[PDB]
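Trainee: Mind having a look at this structure? Questions to follow.
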Protein chains: 2
Amino acid sequence: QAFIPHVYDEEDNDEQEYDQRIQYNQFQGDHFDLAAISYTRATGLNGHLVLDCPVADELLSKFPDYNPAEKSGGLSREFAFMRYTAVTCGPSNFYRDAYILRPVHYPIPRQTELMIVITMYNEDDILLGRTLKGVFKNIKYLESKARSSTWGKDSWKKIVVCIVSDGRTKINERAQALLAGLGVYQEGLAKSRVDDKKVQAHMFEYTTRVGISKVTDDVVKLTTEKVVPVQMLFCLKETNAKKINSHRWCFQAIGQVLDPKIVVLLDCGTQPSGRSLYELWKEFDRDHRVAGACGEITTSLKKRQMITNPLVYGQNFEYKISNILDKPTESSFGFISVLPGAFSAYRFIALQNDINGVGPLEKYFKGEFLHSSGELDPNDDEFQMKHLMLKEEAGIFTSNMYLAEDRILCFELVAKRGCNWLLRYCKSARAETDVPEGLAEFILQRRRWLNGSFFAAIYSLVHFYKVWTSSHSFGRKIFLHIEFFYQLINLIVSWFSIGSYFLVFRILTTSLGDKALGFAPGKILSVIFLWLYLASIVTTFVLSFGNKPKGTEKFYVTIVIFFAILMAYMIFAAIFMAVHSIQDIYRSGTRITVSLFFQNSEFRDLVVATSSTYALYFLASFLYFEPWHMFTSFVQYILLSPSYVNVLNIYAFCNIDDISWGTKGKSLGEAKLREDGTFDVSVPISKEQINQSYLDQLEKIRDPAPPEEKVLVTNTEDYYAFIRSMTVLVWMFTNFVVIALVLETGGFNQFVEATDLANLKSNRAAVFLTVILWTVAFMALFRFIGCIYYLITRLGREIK
Amino acid sequence: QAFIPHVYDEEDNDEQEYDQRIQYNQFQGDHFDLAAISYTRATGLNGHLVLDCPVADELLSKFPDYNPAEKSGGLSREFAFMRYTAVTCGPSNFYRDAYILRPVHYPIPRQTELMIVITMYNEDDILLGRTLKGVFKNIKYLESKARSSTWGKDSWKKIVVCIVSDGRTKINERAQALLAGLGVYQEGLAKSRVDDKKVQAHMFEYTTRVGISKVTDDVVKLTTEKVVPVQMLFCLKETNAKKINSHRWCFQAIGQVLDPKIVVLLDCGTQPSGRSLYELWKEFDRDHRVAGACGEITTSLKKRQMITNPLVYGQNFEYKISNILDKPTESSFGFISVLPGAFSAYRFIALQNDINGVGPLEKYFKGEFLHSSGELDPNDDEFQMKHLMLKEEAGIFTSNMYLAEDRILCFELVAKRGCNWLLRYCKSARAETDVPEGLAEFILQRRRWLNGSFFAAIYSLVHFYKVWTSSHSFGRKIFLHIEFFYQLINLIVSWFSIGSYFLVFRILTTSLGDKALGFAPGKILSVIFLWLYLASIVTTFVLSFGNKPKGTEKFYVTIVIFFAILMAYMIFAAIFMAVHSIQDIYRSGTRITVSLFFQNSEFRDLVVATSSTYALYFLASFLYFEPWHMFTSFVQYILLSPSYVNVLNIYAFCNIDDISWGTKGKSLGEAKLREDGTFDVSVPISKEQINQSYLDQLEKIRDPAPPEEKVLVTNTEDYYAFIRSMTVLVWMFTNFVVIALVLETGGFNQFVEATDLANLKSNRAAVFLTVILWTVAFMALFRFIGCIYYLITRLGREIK
């Protein structure tokens with residue numbers, strides 16, 4: 001039973017409200033001209049392959065307007081026929097060619113207000129169903145809105161949902177069946193070639209009146225009761241070219257024809273709220289300077305336990321802390337380092353390139369062409385563009401843009417030549433996504449996140465001067481420079497994370513070895529932990545270079561467990577040391593004052609700084625009315641903290657290069673046995689040709705060998721591997737220099753004596769500990785002030 | 001002028017002697033039946049594609065027997081026509097099918113006495129010309145021999161030269177032109193397919209009377225004056241399958257049909273001497289127990305300077321020392337670890353497998369099938385064999401046999417179940433080869449040599465008991481066990497090479513830091529050298545995992561130069577320390593005696609052991625009448641010694657897996673524009689089929705998702721990568737454990753005090769130094785005694 005009566009769940013009460021405002025009786029579509037299809041010969045529009053096929057009669061019968069007597073049920077032309085187009089040119093020339101989309105082909109042109117892009121890659125039908133249910137609920141809410149100048153009756157005409165599937169043979173069959181059930185897709189229409197030209201994309205356009213009632217764990221139920229029509233454009237790509245090509249299809253080609261505003265980017269498995277898209281649109285509408293927006297992203301914890309899934313809860317804590325501290329501060333400063341690709345929105349006009357041809361979209365798209373094998377097919381119609389781009393002189397940043405990905409766009413929007421644009425974060429918009437439960441999938445996901453964050457930070461910091469020419473207020477530029485300084489400090493802290501972790505661990509473990517405090521096993525435990533730590537780091541490097549995470553997952557699991565145990569031991573050691581210092585304070589006598597407590601380096605550094613950081617996090621969580629994550633998921637995040645720095649960072653740096661492409665890329669004759677035993681062959685017979693061939697061979701071998709002097713450009717995979725190797729080597733060198741300076745680990749110990757080394761090492765260790773702990777505490781305080789300011793300003797805006 | 005009058009060079013005087021014994025007037029070939037070729041239809045023998053084509057008339061005219069009046073010049077059938085055969089089955093079924101080679105097809109069968117196999121892969125015509133000139137000179141010497149029971153008149157009928165070219169499209173064009181000039185190859189004959197069956201190999205058979213007069217640096221000159229006929233079989237493979245497949249063609253297929261004795265293995269670029277092959281044959285003939293033989297291999301130094309090419313001279317020294325010490329001792333014991341593939345010989349009957357199907361050849365060939373992608377084409381006629389082999393349960397050794405390569409054969413010959421076989425080395429046979437001048441090529445060559453040596457040693461040591469069942473004398477088994485013990489010691493020494501090198505360097509450099517001796521910069525230099533050493537090792541590992549040697553060659557060059565400088569500094573430090581110890585001996589007073597000199601640990605260990613090793617090498621070189629290498633090339637080898645251990649070993653272990661194979665491995669429709677604007681398309685029209693398709697989609701999406709439970713075998717590349725990673729990790733762990741034990745580098749220093757650590761570390765360092773130096777000295781003495789015994793026994797045999 002695919003179709004079932006509409007049922008409202010406990011959390012769906014709000015949905016019912018929307019239904020009361022919507023009439024649901026008047027949903028007649030506009031009339032448009034079809035393409036003649038004899039019986040077959042079809043009159044493709046503008047010389048392109050276009051077919052207006054009829055949808056299955058059962059789907060029409062489901063629709064309320066259907067009448068049995070009528071041949072098509074009396075439905076409008078758009079609701080009756082689904083359109084199929086074959087696109088051969090590709091993103092670059094889609095607008096240049098006479099490719100017309102149905103929304104703009106009506107006798108009365110339709111202007112798009114919100115293009116809801118959805119990206120898909122072999123995703124299960126469950127994720128797509130959840131995403132479509134969220135989008136449909138948002139569209140229904142927008143339609144129900146009454147006292148709105150832009151939204152209300154016939155609002156669905158201003159919204160188009162674009163689903164860009166990457167790879168014709170990689171799409172999941174169940175999601176394809178879902179789309180067919182909605183009526184968008186039909187199997188027979190698709191054609192491989194047209195006029196001896198490869199079809200790059202297949203576009204299916206339909207105004208569907210089928211709504212997903214509910215999405216259980218295993219099945220998806222769709223019904224036609226109380227469903228608002230939705231315009232669906234499903235672009236199935238012939239071959240997979242990653243996500244940058246999909247975004248090129250979305251912006252460079254479809255966007256130009258539709259010319260929409262506030263393009264929304266979503267990902268399969270991301271379920272927006274009931275009013276989230278309205279919140280994003282209102283954020284864009286209130287302030288005209290805003291060019292990009294992001295919303296709060298949450299992790300589903302439906303059928304996942306606290307203890308059975310430590311990783312899920314750790315990720316939940318990370319997401320909550322990010323949304324509570326990082327996003328609000330960056331929004332307050334007006335520059336957000338990253339806008340999540342799973343759920344975000346951009347103003348279309350802001351992304352347009354300049355007349356000279358340089359702009360955010362050009363920077364974003366250059367990465368795809370540069371980061372690929374230099375093997376261009378001469379038959380491609382985009383051959384000229386790609387060849388010209390490759391012929392251009394590319395620097396380090398231009399040739400490594402692929403790491404930043406969407407992140408790059410953000411910077412280019414704020415630091416435009418003469419434009420005034422800002423990036424804003426809204427907490428009213430919420431979207432729920434499923435996090436990777438497995439360790440291998442989590443590592444693979446974090447690889448590109450870490451690489452992009454690092455590269456984007458470096459690129460923004462190097463080119464910080466570009467904001468000088470931007471048309472911003474002087475105070476705005478001053479505060480942007482303050483933010484840049486903070487980001488520089490954050491990058492410096494993050495670059496030395498592994499070395500700092502090792503130094504803190506070594507100092508804390510060795511301090512327990514001191515005979516002053518009464519801990520017997522301390523020395524042996526410290527030695528054992530040192531050996532295990534070194535072994536884990538070395539094995540992590542070897543696996544990151546050699547094997548794939550999916551294969552050797554147990555090694556990573558064991559390493560993570562060991563690091564968690566080590567973190568627990570470090571916490572115990574720090575607490576023991578602080579308690580011993582306090583007891584020594586009391587033992588000294590002469591009374592006690594707050595001054596002595598704040599003067600004791602051990603107690604101060606170890607206890608006060610960490611407690612202050614925790615208190616700041618706690619207060620920030622409370623003020624946002626989201627306090628649960630501080631209890632349920634805090635411990636998991638704390639115990640997984642060292643793993644983030646060690647395993648994920650090592651894997652990310654070892655695999656900076658993403659070499660997806662492989663390596664590189666006339667029959668003499670055919671003898672066929674005849675009826676008789678003789679074989680039909682064609683071999684030289686005449687004496688003349690045999691002699692000529694022999695003379696040719698003699699001449700071929702007589703001549704001397706000329707120098708090769710190839711001077712070939714060679715392949716880019718070597719270049720990217722070299723870049724990655726240099727990066728990892730520099731990282732190792734800097735970290736080891738810092739470690740040697742702090743613990744006198746290398747040959748430095750030779751420049752001191754038997755007794756001086758101990759005291760000097762202790763002093764340096766204490767200085768390093770206080771420096772690092774107070775750096776962390778001050779960064780936390782900075783983010784806390786930022787989020788408080790965000791709350792105050794948002795409340796003031798809401799009052800206004 | 002391809003053909004020039006025969007000219008004898010200064011070193012060619014011996015050649016003239018041969019010509020005097022050979023009549024050169026009577027070289028009529030035996031008559032054999034040809035295959036009818038109408039005009040074309042050809043009567044292939046036994047249903048196979050065989051063609052007897054005529055050779056170019058000019059080549060016939062060159063031959064002395066040619067007469068202008070005669071239509072073919074009066075030449076014999078073999079000298080007049082060249083034979084071409086297309087082989088579709090492959091090595092396994094070559095004998096089973098009715099594939100007949102010309103030598104065995106004569107009315108009077110010809111029995112082969114010496115099959116001279118030559119292996120080729122995109123080699124320049126110069127190397128092939130040198131090899132063929134050497135082979136032709138050897139055949140001429142064998143023909144000239146008068147007082148020989150087996151050799152003499154008509155000896156060329158017992159010798160067949162087989163050239164197995166790997167890859168039809170990879171063969172160099174100049175070498176192909178050389179072969180065509182010799183008359184073996186013609187371009188038109190080759191056919192891609194026969195009877196809808198792929199042609200695996202193309203075999204060209206001809207009795208050539210063309211001899212290479214001289215091989216200059218740039219050109220090759222061939223003439224017909226004073227040339228003995230030579231039977232040539234040129235097997236050009238359709239696709240490249242590495243060298244194991246070529247050896248399978250040589251042994252499994254061609255050898256069975258020819259059934260020869262004493263198969264000789266040569267490589268392009270290897271030029272044997274004028275009587276070398278006779279020496280190998282006589283070695284096989286004298287003693288019937290001998291199953292394999294190898295000859296002295298030398299490095300050409302024609303146009304290479306002492307100072308301009310340090311690497312070439314270092315390799316020369318290595319080769320000379322090997323041939324003077326290692327080969328003679330192993331021959332004396334009767335078991336040679338490796339028989340060089342560039343120049344060697346095997347007894348054919350000894351290699352044959354047992355009735356049960358287990359034998360040396362089976363072990364050798366299993367590696368090719370196991371070490372490859374598990375993607376078998378069902379159309380291959382060897383599909384059953386490969387599928388059965390893959391279905392068999394393979395252990396670690398069986399699945400990693402590919403590392404040993406030819407080495408494995410050697411062991412299997414000595415430790416046979418009930419056979420008495422021995423491996424012997426003869427210094428009378430000599431062959432000259434060109435060593436790789438470039439560093440990248442040298443590293444690539446040494447990779448597989450080191451991997452094979454390690455794996456073969458491990459395999460032989462683990463399975464040492466297999467020699468118990470062999471039918472050898474009891475004393476022979478005792479001495480074989482002594483040799484196995486020596487090889488175990490050598491393997492243990494070689495496994496800890498990098499750690500031992502680091503320990504010796506650290507000890508020697510730190511000893512100069514002591515204030516007792518008057519060397520000021522010592523401390524700073526030691527610190528700097530430590531940092532540089534660590535950086536070099538880390539970068540070597542990173543490059544070995546990440547990049548290719550050809551790309552980043554400058555890094556390796558810099559590392560090698562630094563290691564050479566460091567070795568020079570270490571030698572200086574050792575000399576300084578020894579001189580200081582002697583001066584302290586004199587300073588102490590109370591006279592001096594030899595006892596004190598032999599009691600001083602510093603002087604003894606540092607000076608006496610190294611001097612003894614050098615003296616043993618010097619004496620061994622002198623006794624073999626090859627003393628020059630001890631002067632010209634000694635210094636280069638000494639300065640390159642650390643590089644061999646560090647760079648080559650690291651690269652070899654990081655690249656144990658040789659993943660040559662890549663990753664992994666119905667058009668919807670075609671719309672063609674007609675004369676009118678309409679497009680011809682085939683899309684569903686009837687309501688019934690549309691409704692049926694919609695219902696099918698509904699049913700497809702309605703059902704629940706079944707568990708995958710693939711449980712696939714997966715690909716072997718992951719397995720090999722895992723093996724390599726485990727190997728490198730174990731290597732690192734063991735070396736670091738040894739280093740930590742010796743220098744108290746890890747946490748061990750915590751278990752000692754401020755003052756005790758220095759003395760304990762000094763004592764441990766002294767013990768380690770004496771142990772390692774005397775181990776090296778005793779190994780040198782063992783090899784010296786072995787080579788002296790070899791000389792004495794060979795002289796006694798010669799007298800007999």
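By order in the structure tokens, chains are A, B, ...; within a chain, residues start at 1; ligands start at 1, following the order shown.
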May I have the residues within 7 Å of residue A:512 as a count of residues only, using only C-alpha atoms and disregarding those fewer than 6 positions away in the same chain?

Mentor: 3

Trainee: Pick out each residue of stretch 356-563 of chain A that DSSP on the backbone tags as helix (DSSP H, G or I); I need them as a count of residues only.

Mentor: 138

Trainee: Can you measure atom CA of residue A:180 to atom CA of residue B:698 for me? One decimal in Å is fine.

Mentor: 8.3 Å

Trainee: What are the residues of chain A lining chain B at 6 Å or less? Count only C-alpha atoms, and put the answer as a PyMOL selection string.

Mentor: chain A and resi 40-43+56+174+177+188-189+191-195+218+527+667-672+678-681+683+690-691+697+701+704+747+754

Trainee: Name the closest residue to residue A:120 among the candidates A:268, A:301, A:478, A:34; distances are taken between atoms, counting only C-alpha atoms.

Mentor: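 Counting only C-alpha atoms, the residue closest to residue A:120 is A:268.
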
Trainee: Can you tell me which residues surround residue B:208 at a distance of at most 8 Å, considering only C-alpha atoms, apart from same-chain residues fewer than 6 positions away, and format the answer as JSON, numbers by chain?

Mentor: {"B": [79, 182, 183, 184, 229, 230, 231, 232]}

Trainee: Check the DSSP output for the backbone and give back, as a PyMOL selection string, the residues of stretch 106-305 of chain A in strand (DSSP E or B).

Mentor: chain A and resi 114-120+159-165+193-194+197-198+201-208+211-215+220-223+230-237+263-267+271-272+290-299

Trainee: Between A:401, A:126, A:161, A:560, which has the minimum distance to residue A:451 (counting only C-alpha atoms)?

Mentor: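 Among the listed residues, the smallest separation from residue A:451 belongs to A:401.
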
Trainee: Mind checking which residues fall within 10 Å of residue B:365, counting only C-alpha atoms, ignoring those fewer than 6 positions away in the same chain, and posting them as a list in words?

Mentor: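 That gives residues 244, 245, 247, 248, 252, 401, 402, 405 and 406 of chain B.
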